[PDB]
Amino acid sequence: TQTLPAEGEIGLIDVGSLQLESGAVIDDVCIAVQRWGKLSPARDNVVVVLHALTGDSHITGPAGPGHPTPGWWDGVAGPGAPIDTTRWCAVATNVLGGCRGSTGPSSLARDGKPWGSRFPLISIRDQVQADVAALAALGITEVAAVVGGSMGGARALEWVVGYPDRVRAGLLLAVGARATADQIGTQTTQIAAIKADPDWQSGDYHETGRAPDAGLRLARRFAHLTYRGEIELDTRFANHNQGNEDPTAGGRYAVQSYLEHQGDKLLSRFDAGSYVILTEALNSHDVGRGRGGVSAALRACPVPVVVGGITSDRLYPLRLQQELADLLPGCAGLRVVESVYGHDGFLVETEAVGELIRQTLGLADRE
C-alpha cells in the first residue's frame, strides 16, 4: 500500500494506532525508514538492520543533507558489502520512541503539543511490534534476516523469538537474554542524572527554551565509559593533560576533555526525553517475561541464529552471549569476536563481524 523511499532518502511510514504491551494505545504512530539495495519481486530479501540506543535509520553513507554525520555503521550495506545490496535489501527503521523521524517524546501529538511526559513507557517488544507494523504497511511480511548489536541486538532477539515464522535467520551481536543488574544499575542512574537536572521539568521541557543538557551530558559520559575497553582507553589517554591545561589549577585531563566532547556531540543530535524512554525500555528487556523464563523461551525458538560477543566488552560481558548460544538451538555455537575496543567493538572490527554477517545471510538463503 505504501512504498519504500528511494535509496538513501528517508520516508515516514504511517503505521496507525499501536497497542503497547502496557495495554495503552498510541495514536498516529510514524516510523522513519531508510533502505539500500532493491526490493526483490517476491519481497523476500529484506535484511533489517537494527540500531542501538542513540542510533537512527542512517546506517551507512556519508554526511549530507538531513544527515550531519556518516552512517553509524558506515559500509555495512552496499555493493559487495557484508549486507551485499546487489542481492539484499537492507532496511533500517528509526526505533519507536526515537527522535529522528519516528514517534517519540519530542514528536507532536494529535493535540499539537509535543508528547513529552505523556509518552508511555514502551518495551523492547513494543519497538519490535512497531517495526513489523511498518514493514507491513510497505507490503513486506517476511524478512530474510535481522542484524543488531547492543539495543539493536535486543530488538533482533525479541524479533526472532516473537516472530519465528516471519524471519529466516538472525545475527545477535553483544547482547543478552535480559537486562543485567549492572546494566540496570548504570542505566537507571543515567536516567536519574537527567531527571535531576532542573531544566528536565518533568520531561515536558520541549519548546520552553530550556533543556536538561547538563544531565544528558552526565548520562552520556558515564554510558560512554561502559562502551570502551579499559586498556585501550588507558593507552590512548592515560593521565595526560588536555593540551596545555593543568588539572592541578583547574584544567582538564585528556580523557576528561574527550568525554565532554562525547556529550556535546550527543546534545546536538539527540533528545533527553528519548534517552529516558529508550533506556527504560533497555531496563525492561527480558526475553523470558510471560513465556516461562529465559531458558524456556529460547529453548522454544527454532530460528537459526549467529551469536557474537566481544572479548573486552564491559557492558554486555561475553558470559551473556555464551548464555544465548547455550540456550538457542538454532545457534551452532558462540562466535567470539576478538577485539580490544569493548562494547563498541562490534562496530569497529569490520572484517571479523563481516564474517558473521555473511554466515547469517548465508543461513537466510538456505531457507
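The numbering used is simple: start at 1 and walk along the sequence shown.
TODO: For the higher mean C-alpha B factor in the entry, choose 207-215 or 99-107.
DONE: Comparing averages over the C-alpha atoms only gives 207-215.
Task: 231-239 or 73-81, whichever carries the higher mean Cα B-factor - done: According to the entry, 73-81 carries the higher average C-alpha B-factor.
- [ ] By the entry's C-alpha temperature factors, tell me which of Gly333, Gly37, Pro329, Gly64 sits highest.
- [x] Out of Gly333, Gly37, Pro329, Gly64, the record gives the largest C-alpha B-factor to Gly64.
Task: Most elevated Cα B-factor in the entry, residues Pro317, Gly308, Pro302, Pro68 - done: Checking the PDB record, the top C-alpha B-factor among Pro317, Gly308, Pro302, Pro68 is at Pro68.
TODO: Among all modelled residues of this chain, ranked by Cα B factor, put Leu356 in the bottom, middle or top third, i.e. lowest, middle or highest.
DONE: Its C-alpha B-factor, which the entry lists for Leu356, ranks in the middle third among residues of this chain.
TODO: Classify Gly273 as lowest, middle or highest third according to the C-alpha B-factor given in the PDB entry, relative to its own chain.
DONE: Its C-alpha B-factor belongs to the lowest third of this chain's values.
Task: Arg166 by Cα B-factor - lowest, middle or highest third of the modelled chain - done: Answer is highest: the recorded C-alpha B-factor places it there.
TODO: Using the B-factor values recorded in the entry, state whether the Cα atom of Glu349 falls in the lowest, middle or highest third among the modelled residues of its chain.
DONE: Its C-alpha B-factor, which the entry lists for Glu349, ranks in the lowest third among residues of this chain.
Task: CA B-factor placement of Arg125, once the chain's modelled residues are sorted into thirds - done: Middle third by C-alpha B-factor.
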